[PDB]
């Protein structure tokens, strides 16, 4: 009756203001004051006025003008930074909107996607593995990896590349990284790197490098990982070969104790690849070969 109608009027007025500021973001001189107005509205959000702002951002994330999309992704980040406990429930829809935006070719849009994924990981994946229970960590990491792997399943190299960059940034952005929950990514990344349909292996190898940096390499999948990296060293794209060499470098540099025994096959493949016609490939192969030789002991 009266209370429902009053809440309706308040909600519609707030949506009016939000959409007006978001549309005015599209202008160059009316961009900064609109940013300030949207931030001031973010500050005064409550658990009931939060989902309406999120729905505004969602419906605004599809505007053709790319600056609007970039700022809406940054606003998703901002609202998660200012109301993390309140947005932990809508995290799923948020990550879904980011994965939907992964298909854009605009550099700024893809960079905003990666930065938003990183901010979300830094907020919700920090310290998620401190104690005896390991259930909230699994759910948290899954909220990120399930849509990312689904986007990696699409037949679009742009989307696969974006998904891989976002997954790498997610692994990198966790302060106290959930290593056990992050190790669940290796058995799928192996199959993706061995898959011929996957077209963004050069973007997925840095994900392996990042997993090695935080020490989240699954030892039961390490041999298949090395096999897929050898395959990538065998690729026709020089970028993929250089990326595989640099991932071998990262593995020797951060998973040193994990690869001590299994070096000879990787060293042999590097020996066969040290005379690549592409000079950057030559240099990366030489670097990885020296590192693995020193880890093993050829002196």
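Numbering follows the first chain given and starts at 1.
Checklist entry - As stated in the PDB record, which stretch has the larger average Cα B-factor, 111-119 or 223-231? => result Mean B over CA atoms: larger for 223-231.
Checklist entry - On average, which has the higher Cα B-factor in the deposited entry, 236-244 or 58-66? => result Higher mean C-alpha B-factor: 58-66.
Item to check | Largest Cα B-factor, entry values, listed residues 195, 203, 97, 173 | outcome: Among 195, 203, 97, 173, the PDB entry lists the largest C-alpha B-factor for 195.
Item to check | Among 93, 83, 188, 146 - the residue whose C-alpha B-factor is largest in the record | outcome: Result of the comparison over 93, 83, 188, 146: 188.
Next on the checklist: Could you place residue 23 in the lowest, middle or highest third of its chain by Cα temperature factor, using the values in the record?
Outcome noted: Tercile = highest for this residue's CA B-factor.
Item to check | Third assignment of residue 215 from its chain's C-alpha B-factors | outcome: Bottom third by C-alpha B-factor.
Next on the checklist: Per the entry's values, where does residue 259 land by CA temperature factor relative to the rest of its chain, in the lowest, middle or highest third?
Outcome noted: Ranked within chain, residue 259 CA B lands in the highest tercile.
Checklist entry - Within this chain, which third does the Cα B-factor at residue 125 fall in: lowest, middle or highest? => result Residue 125: CA B-factor falls in the middle third of its chain.
Checklist entry - Mind checking which third residue 46 falls in for C-alpha B-factor across the chain? => result As the PDB entry reports it, the C-alpha B-factor of residue 46 lands in the lowest third of its chain.
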